[PDB]
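First comes the structure, then the notes that go with it.
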RNA sequence: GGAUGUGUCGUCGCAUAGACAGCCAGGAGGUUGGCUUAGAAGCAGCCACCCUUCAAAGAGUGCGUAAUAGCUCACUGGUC
RNA sequence: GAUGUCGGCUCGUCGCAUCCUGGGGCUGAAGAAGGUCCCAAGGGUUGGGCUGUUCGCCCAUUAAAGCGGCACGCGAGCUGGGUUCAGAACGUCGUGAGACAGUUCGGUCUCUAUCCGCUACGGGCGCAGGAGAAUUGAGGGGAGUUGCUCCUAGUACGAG
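Chains as they are written, first to last, in the deposited numbering: chain J, 6 to 141; chain E, 5 to 175; chain S, 1 to 175; chain F, 1 to 144; chain 4, 1 to 37.
Structure below.
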């Protein structure tokens, strides 16, 4: 979710994924195929979902934590400077990236934990399995 | 895909043009089709062959056959559906050929069979729509089955004898 | 795998279903360009522990091994491969995966068994005879059993490159 | 009052079927006597008492019912030989108890009317299947 | 009748049909009666 | 986001030694599997998911009851 | 070198995400009464009390007593209650002159319509002679609402 301590603000720009592996931490995985800002709360909205579906195992990984602070309109005006450091925290996610990847549970028993989760994300994804063997 | 074609005696086809004209013991019947829809009789039985094969075609195909085969048992045996009047005081009499419902409506329901159809009643609690054209008959027993559908609590009104009408069941 | 062309230019393939790799050793670093589909159905099987028939156009069979591979983001499709021409006595080292079998005495207990480190790498594989796999015990493993490198039975000869006490598989608890 | 296109099946302790909780509406809403089934139960179960015995009731159209004193359930036979108080919910974590194959011979010999398996052997592996789903284990076996 | 944007099966019946430019859903049971339109 | 609307490429797949859908008929015995409960017996939820017969027929699809029951499925034969 | 401002009144007209009447699916819909989703704007949508009100609360009804748009529709159409002149008061702020989230009593809203548009009504000419009269209908406009009682039937339905 939200980071522990830092600076306070940022900016905005984009271009395809860079350090978003594939297989690791599990057998099955989910992939973000589109530029977006994943809202920390839009992740809980994912974790907590997948959870339910898994009585146990935990084998769910969220390797996308939110390293970013976005701001807001303190009502309207425009006569003042930067504002709302505390609107919410975001996790800029680029294509090909991997936010999810479960492990242990049966294919379908995983081809749902994602399906659902997908339903609360702003972007279009797809699930993945293996053959991932770059660096280790 | 469909091909078999039983063209029993009574018949008489005449693929003359697109009006695939027919004549039998029940009365000459005519059914049009597609021209590029290839068909006629070979040896004894019959068959409707086709040009291309996939959809726009194999459809009309599986259509025509089924259709002609009808006119067969058509002028050959004639068609007749048997309806059932069900419920308290539900009953049909008649008038000449006119089917006469009596199904709870503050005033009686008269139904008149069209140009090639005929009404019949055994016990004023069972019905029948015979005739030549398989369609019309269905296309009318409907109009009779519609004067009153069966209810989801007692399945009243007209229905199809071996009709499966489970009841919601209320209070 | 009959890779044929091998020019700096790939036009005549970038559209036409073909990957594009390079295989070498230190002697010959022949330019290359095989077919998509083939290496596509191929590598899947042998993986990085599977040397194959490399009769480049003209006919010059060569033995090598899938070293590293770089596939596309957005599209799980691969783009560039690097083959490492097989040796004779020693190749370098190989990337070998860990596997389980037999039910775990932890699984039914209430927890699950986790393969901490999927594929594992070992010092000195020994060309000609390189494990295209590696099966490992798990049964014994209960609530908090950790297996490491120093444990996995070796295929007679092979020497474990990774550090011994590093946990390979651990049967995790519930929740 | 009712034909009931179904068969009535239940399991009585030893010789009760008198209180309300046991039967009651089970045969009361049908409009029939029950004080007869009670006396016609403990009288037949006199031989095998102090043990739950399943009985199948067959009601006709003339409000006439019947019964067939069968053999006690395998789920209770184990709780009597091994002295089990109650079935466990986690047979994978903590077991229940342990018995000897000798306690099975008396089951495949008494509950034989129902057993339609092979012969002895085939009628032995079936018993272990039910006990396995309970919690107890099997002693001895092939080899050794 | 159920006009829903997302129309899909709801049991081993639901028979997704296509009548005049519309996506329909006829199931042996009615509460499954769907239709994007 | 939906969806047997078509066009072109790829994957399993399953199969004249006679499948798929349709049809006649079947369907197991243990067991109302134990566990939990006011009970719940293939179907509210923990645990498992084995034995026997067989050509077969799975501690189990979903619908159903206060549980029952009943209705079909997964597996089996003949017709084509 | 001025696009008059809130609210009413008058006058309307349009959208539909329909308030009521029309037709329909499902209902956990017995019937009666409802819920809800679809199709559907022809027409209709009351009178009072409080407030400048819009709004809203309320009295009595109704099939209903829709929501919005048209320079928050309409002041060369009326009002002027509201509020963004001059007087005066209170509280509050200010040493003061004055001020105000404020509150309160008072306070001249301009006869003459040229072009378009609109409602009525004539003159010219045209329609291949000059005249009297009777018509076809291209097209266009108006209207398009609803309750209650009775009958069927105390039936269907319902343990009632």
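The C-beta atom is built at its ideal place from N, Cα and C for all residues, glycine as well.
(request) Identify every residue that forms a DSSP beta bridge with residue 82 (chain S). (result) Taking the third chain and counting its residues from 1, the one referred to as residue 82 (chain S) is at position 82. Residue 82 (chain S) pairs with 22 (chain S) and 68 (chain S).
(request) Use the C-beta contact count for residue 130 (chain J): other C-beta atoms within 10 angstroms, 16 or more gives buried, fewer gives exposed. (result) Residue mapping note: residue 130 (chain J) aligns to position 125 of the first chain, counting from 1. When all chains shown are included, residue 130 (chain J) counts as buried.
(request) Answer yes or no: does any C-beta atom of chain S fall closer than 9 Å to that of residue 57 (chain J)? (result) Against the first chain, residue 57 (chain J) aligns to sequence position 52. No Cβ of chain S is located within less than 9 Å of the beta carbon of residue 57 (chain J).
(request) Kindly indicate if chain S contains any beta-carbon less than 9 Å away from that of residue 113 (chain J). (result) Here residue 113 (chain J) refers to the residue found at position 108 of the first chain. Taking Cβ atoms only, chain S never reaches closer than 9 Å to residue 113 (chain J), which makes this a no.
(request) Output yes or no for whether 9 Å exceeds the beta carbon distance between residue 100 (chain S) and residue 169 (chain S). (result) For the purposes of this step, residue 100 (chain S) is taken as the residue at position 100 of the third chain. For the purposes of this step, residue 169 (chain S) is taken as the residue at position 169 of the third chain. Yes, they are a contact pair.
(request) Express the C-alpha separation of residue 63 (chain F) and residue 110 (chain F) in angstroms, rounding to a whole number. (result) On the fourth chain, position 110 is the one that residue 110 (chain F) refers to. On the fourth chain, position 63 is the one that residue 63 (chain F) refers to. Each residue's alpha carbon lies about 32 Å from the other.
(request) Give me the Cα-Cα distance between residue 61 (chain F) and residue 3 (chain F), rounded to the nearest whole angstrom. (result) For the purposes of this step, residue 61 (chain F) is identified with residue 61 of the fourth chain, where counting begins at 1. For the purposes of this step, residue 3 (chain F) is identified with residue 3 of the fourth chain, where counting begins at 1. If you take the alpha carbons of residue 61 (chain F) and residue 3 (chain F), they lie about 6 Å apart.
(request) Please go through the stretch 88-159 of chain E and give each complete beta strand (DSSP E) segment of 3 or more residues, from N-terminal end onward. (result) Fully enclosed beta strand (DSSP E) runs of 3 or longer: 121-124 and 132-135.
(request) Given a cut-off of 9 Å, decide if residue 69 (chain S) and residue 179 (chain S) are closer than it, judged by their beta-carbon atoms. (result) The structure shown does not extend to residue 179 (chain S), since chain S is modelled only from 1 to 175, so the question has no answer here.
(message) Can you list, in chain order, the residues of its chain with a C-beta nearer than 7 Å to that of residue 22 (chain J)? Leave out the 5 residues immediately preceding and following it.
(response) To locate residue 22 (chain J), count along the first chain from 1; it is residue 17. For residue 22 (chain J), where only same-chain residues beyond five positions count, the Cβ hits under 7 Å are 99, 100, 101 and 102.
(message) Restricting to Cα atoms, I'd like to know which of 17 (chain 4), 8 (chain 4), 13 (chain 4) and 3 (chain 4) is closest to residue 28 (chain 4).
(response) Residue 28 (chain 4) sits at position 28 when you count from the first residue of the fifth chain. Out of 17 (chain 4), 8 (chain 4), 13 (chain 4) and 3 (chain 4), 13 (chain 4) has the C-alpha closest to the C-alpha of residue 28 (chain 4).
(request) In the DSSP assignment, find the unbroken alpha helix (DSSP H) run with residue 74 (chain F) in it and report its ends. (result) For this step, residue 74 (chain F) is matched to residue 74 along the fourth chain. Per DSSP, residue 74 (chain F) belongs to the alpha helix (DSSP H) from 74-81.
(request) Starting from the beta carbon of residue 67 (chain S), find every residue of chain J whose beta carbon is closer than 8 Å, and list them in chain order. (result) Stepping through the third chain from its first residue, residue 67 (chain S) is reached at position 67. Ordered by position in chain J, no residue passes the 8 Å Cβ test against residue 67 (chain S), which lies about 11 Å from the chain.
(message) Does the CB of residue 92 (chain J) have a neighbour CB from chain S at under 9 Å?
(response) Translated into positions along the first chain, residue 92 (chain J) becomes position 87. For residue 92 (chain J), the answer is no, since every Cβ of chain S falls outside 9 Å of its Cβ.
(request) Assign residue 118 (chain S) to one of two classes, buried (16 or more other C-beta atoms within 10 Å of its C-beta) or exposed (fewer than that). (result) Numbered from 1 along the third chain, position 118 holds the residue referred to as residue 118 (chain S). Residue environment for residue 118 (chain S): buried (at least 16 other C-beta atoms within 10 angstroms of its C-beta).
(message) Tell me the DSSP secondary structure of residue 119 (chain F) in three-state form.
(response) Walking along the fourth chain from the start, residue 119 (chain F) turns up at place 119. Coil.
(request) Could you list the residues in the stretch 47-71 of chain J with a C-beta less than 8 Å from some C-beta on chain S, going in chain order? (result) 61, 62, 63 and 64
(request) Check whether the stretch 7-23 of chain E touches the stretch 89-97 of chain J, counting contact only when three or more Cβ pairs, one atom from each stretch, lie closer than 8 Å. (result) no
(message) On the CB-based measure, 16 or more other CB atoms within 10 Å of its CB, does residue 19 (chain F) come out buried or exposed?
(response) Here residue 19 (chain F) refers to the residue found at position 19 of the fourth chain. Residue 19 (chain F) should be labelled exposed.
(request) Could you give the DSSP three-state label for residue 55 (chain J): helix, strand or coil? (result) Taking the first chain and counting its residues from 1, the one referred to as residue 55 (chain J) is at position 50. Reduced to three states, the DSSP call for residue 55 (chain J) is helix.
(message) Check whether chain S comes within 9 Å of residue 98 (chain J), counting only Cβ atoms and requiring the distance to be less than that.
(response) In the first chain, the residue the question calls residue 98 (chain J) occupies position 93. No, residue 98 (chain J) does not count as interfacial toward chain S.
(message) Cβ closer than 9 Å: which chain S residues qualify as neighbours of residue 133 (chain J)?
(response) Start at 1 with the first residue of the first chain, and residue 133 (chain J) comes out as number 128. By Cβ distance, chain S contributes 76.
(message) Would residue 123 (chain J) pass as an interface residue toward chain S - the criterion being a Cβ-Cβ separation below 9 Å?
(response) The count along the first chain starts at 1 and reaches residue 123 (chain J) at position 118. With 9 Å as the cut-off, residue 123 (chain J) does not count as an interface residue toward chain S.
(message) For residue 79 (chain F) and residue 22 (chain F), I'd like the C-alpha separation in whole angstroms.
(response) Looking up residue 79 (chain F) in the fourth chain gives position 79. Looking up residue 22 (chain F) in the fourth chain gives position 22. Rounded to whole angstroms, residue 79 (chain F) to residue 22 (chain F) spans 21 Å at the Cα level.
(message) Can you tell me which residues form a DSSP beta bridge with residue 10 (chain F)?
(response) Counting from 1 along the fourth chain, the entry for residue 10 (chain F) is found at position 10. According to DSSP, which records beta bridges pairwise, residue 10 (chain F) is partnered with 55 (chain F).
(request) Measure the alpha-carbon distance for residue 34 (chain 4) versus residue 156 (chain E) and round it to whole angstroms. (result) Here residue 34 (chain 4) is taken as the residue at index 34 of the fifth chain, counted from 1. Here residue 156 (chain E) is taken as the residue at index 152 of the second chain, counted from 1. Using only the alpha carbons, I get a separation of about 20 Å.
(message) Does chain S have any CB closer than 9 Å to the CB of residue 18 (chain J)?
(response) Sequence index remark: in the first chain, residue 18 (chain J) carries index 13 (1-based). Answer no: the Cβ-Cβ gap between residue 18 (chain J) and chain S never drops below 9 Å.
(request) Taking only heavy atoms of the ligand SAH into account, decide whether any of them is closer than 8 Å to the Cβ of residue 68 (chain S). (result) Looking for the ligand SAH in the displayed structure turns up nothing, as the structure carries no ligands at all.
(message) Comparing C-alpha positions only, which one of 87 (chain F), 140 (chain F) and 66 (chain F) sits nearest to residue 75 (chain F)?
(response) If you number the fourth chain from 1, residue 75 (chain F) lands on position 75. For residue 75 (chain F), the nearest C-alpha among the options comes from 87 (chain F).
(request) Determine, using beta carbons only, whether residue 114 (chain S) comes closer than 9 Å to chain J. (result) Here the question's residue 114 (chain S) lines up with position 114 in the third chain. It does: the Cβ of residue 114 (chain S) has a partner Cβ on chain J nearer than 9 Å.
(message) Taking the straight line between their C-alpha atoms, what separation do you get for residue 126 (chain J) and residue 66 (chain J)?
(response) Here residue 126 (chain J) refers to the residue found at position 121 of the first chain. Here residue 66 (chain J) refers to the residue found at position 61 of the first chain. About 16 Å.
(request) Mark residue 55 (chain E) as exposed unless 16 or more other C-beta atoms lie within 10 angstroms of its C-beta, in which case mark it buried. (result) Within the second chain, residue 55 (chain E) is the residue found at index 51, counting from 1. When all chains shown are included, residue 55 (chain E) counts as exposed.
(message) Taking CB distances under 9 Å as the criterion, tell me whether residue 33 (chain J) reaches chain S.
(response) As a working mapping, residue 33 (chain J) is identified with position 28 in the first chain. For residue 33 (chain J), the nearest beta carbon of chain S is not closer than 9 Å to its own beta carbon.
(request) Check residue 119 (chain J) in the structure and name its three-state DSSP category. (result) Stepping through the first chain from its first residue, residue 119 (chain J) is reached at position 114. Of the three classes helix, strand and coil, the one that applies to residue 119 (chain J) here is helix, per DSSP.
(message) Taking DSSP's pairing of strands, which residues face residue 34 (chain J) in a bridge?
(response) Looking up residue 34 (chain J) in the first chain gives position 29. 133 (chain J), per the DSSP bridge assignment.
(request) Rank 67 (chain F), 71 (chain F), 32 (chain F) and 58 (chain F) by C-alpha distance to the C-alpha of residue 50 (chain F) and give the top, closest one. (result) What you label residue 50 (chain F) is simply residue 50 of the fourth chain in a count that begins at 1. Nearest C-alpha to residue 50 (chain F): 71 (chain F).
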